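Given as structure tokens, the chain that follows is alone and in the form deposited in one PDB entry.
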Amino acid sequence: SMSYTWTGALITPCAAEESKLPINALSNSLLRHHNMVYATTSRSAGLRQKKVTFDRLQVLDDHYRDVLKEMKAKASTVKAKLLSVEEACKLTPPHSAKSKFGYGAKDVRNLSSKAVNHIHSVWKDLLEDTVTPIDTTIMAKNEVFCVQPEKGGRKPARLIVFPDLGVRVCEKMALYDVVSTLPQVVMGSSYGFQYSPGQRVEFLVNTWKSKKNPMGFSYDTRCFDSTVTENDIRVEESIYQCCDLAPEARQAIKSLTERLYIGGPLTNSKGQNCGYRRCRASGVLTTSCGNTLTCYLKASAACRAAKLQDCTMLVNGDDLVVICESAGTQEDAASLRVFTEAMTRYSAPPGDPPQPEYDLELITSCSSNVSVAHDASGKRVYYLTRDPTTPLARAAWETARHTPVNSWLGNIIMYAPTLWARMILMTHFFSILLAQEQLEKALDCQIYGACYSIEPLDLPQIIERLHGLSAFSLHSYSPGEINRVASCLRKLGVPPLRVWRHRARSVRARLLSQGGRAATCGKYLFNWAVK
């Protein structure tokens, strides 16, 4: 069960890769320790390969089997349909990698005969050949981070593995309707992707408050995708086949798991053979649903193994939160050790071992945590934050560069209630949109796995719908939260919060004087700045 087998061949780039922040005049006003902000490249690909390559041992027991039976019973109440070639094309992402067979994502979306003809041929092949492993390409991702001191520092580039565009569209034809419906039915309230930030918070908080003495922990699996075995991917297929599906859907799902999901060969961007995969591919339709199902399965079983009492789970990828009743500090510590023992048997050991927590604010998963502030009436309001280091580092990058993804705008939307998105991100970018003549100009923005064309002036209305009117009135943030933000600004050389407020006082006035919907932005987004 070796997760990967490699050959000499290198994981290679497809174009120029920048690894370092530039020196913009605008960038330095946000952030002045510019040697801390980097970007992964193929140069580090080999370090990542080393980490993600190991033999997997997996030993199942009745806890696993009992949970899996309960899951299949739930799956058996799901019905799902085939998408037609046309529906799958229309649901294809705008900016996904072009096909080797002469068409790209925009051709797919506009139902180009070239795309449609090819996808029909790929479908027929999936139905008629259930064995030939399907080609994939492997690439090192280009993501922006901030360096860490106390940790090792510089992370290697993540690896992505994906089949051709044509195959990706067939995946949607066979499984889009499954992957969109099945998870919620099987996992119910534990299925994290159903929640907006406020609803996730509402779930964790009501869950937390229902225990007499609450204890929670997060868990995150070391190299999760590599820990996923052929057993795991076959179990997944067996859950999908519990569904009520069309005959042709069944055939394509079985075929896709034999030819693609289970494993297959890996090829370079130059066309060379890099090796063989026997674990989860990170770039298939089924990655998110599969990781979530498999993490839930193993974690549910592992909670029974550790005898955790009145457990409640929340799962996104391999990102897991558990909230249960405390048995006491030494009891909880021992239980956690037994929880990760079971998980490790099931093949999924943790990056860092979990730690029991008695303060909900201190539980981090999906890079996020719950925290408290007060609304205009002084009432306690709970909301989702995260450490602002990465959002700021990518904000500094996107100030100095094009970027067809606007992570700053995604962060303002998702984290609109936070101290840091309000004082720093909203101020910095409205200042730049004010100086350039560009308040009316729509921007591309990737959030919750989709690409939106966002008018900056729509932000008041977006934030209100997503978070509610309170997002414009929060005050009296937690000492821990305030602390973390201030210490992150010092670490990165971004100006302290008192500077951001002055700049925002001026940003607010300039928006107000500009009159219409610009002034609406000034009122709502920056009401915090003016007494």
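In this text, residue numbers run from 1 along the sequence as written. In this text, rigid core is short for the largest set of C-alphas that superpose within 1.5 Å between two forms.
Keep in mind that the form solved in complex with a small molecule is missing from the display, and what follows is about it.
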- Query: Just one of 335-343, 88-96, 170-178, 283-291 has heavy atoms within 4.5 Å of the small molecule in the deposited complex; which?
  - Reply: 283-291
- Message: If the criterion is a non-hydrogen atom within 4.5 angstroms, does every one of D125, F162 and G264 touch the small molecule in the deposited complex?
- Response: no
- Message: Test of understanding: in the deposited complex, would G449 fall inside 4.5 Å of the small molecule by heavy atoms?
- Response: yes
- Would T312 show up as a contact with the small molecule in the deposited complex if we use heavy atoms at 4.5 Å? no
- Check whether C366 has any heavy atom within 4.5 Å of a heavy atom of the small molecule in the deposited complex, and answer yes or no. yes
- Item | Partner proximity in the deposited complex: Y276 to the small molecule, non-hydrogen atom cutoff 4.5 Å | no
- The listed residue (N231, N316, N268, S326) that reaches within 4.5 Å of the small molecule in the deposited complex by any heavy atom is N316
- Item | Contact residue in the deposited complex, from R200, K74, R109, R259 (heavy atom within 4.5 Å of the small molecule) | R200
- Message: Which one moved? Candidates are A333, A73, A442, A246, criterion is a Cα shift of 2 Å or more between this form and the one not shown after superposing on the core.
- Response: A442
- Query: Does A519 count as moved between this form and the one not shown, where moved means a C-alpha shift of 2 angstroms or more after fitting the rigid core?
  - Reply: yes
- Could you tell me whether the Cα atom of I454 shifts by at least 2 Å between this form and the one not shown after core superposition? yes
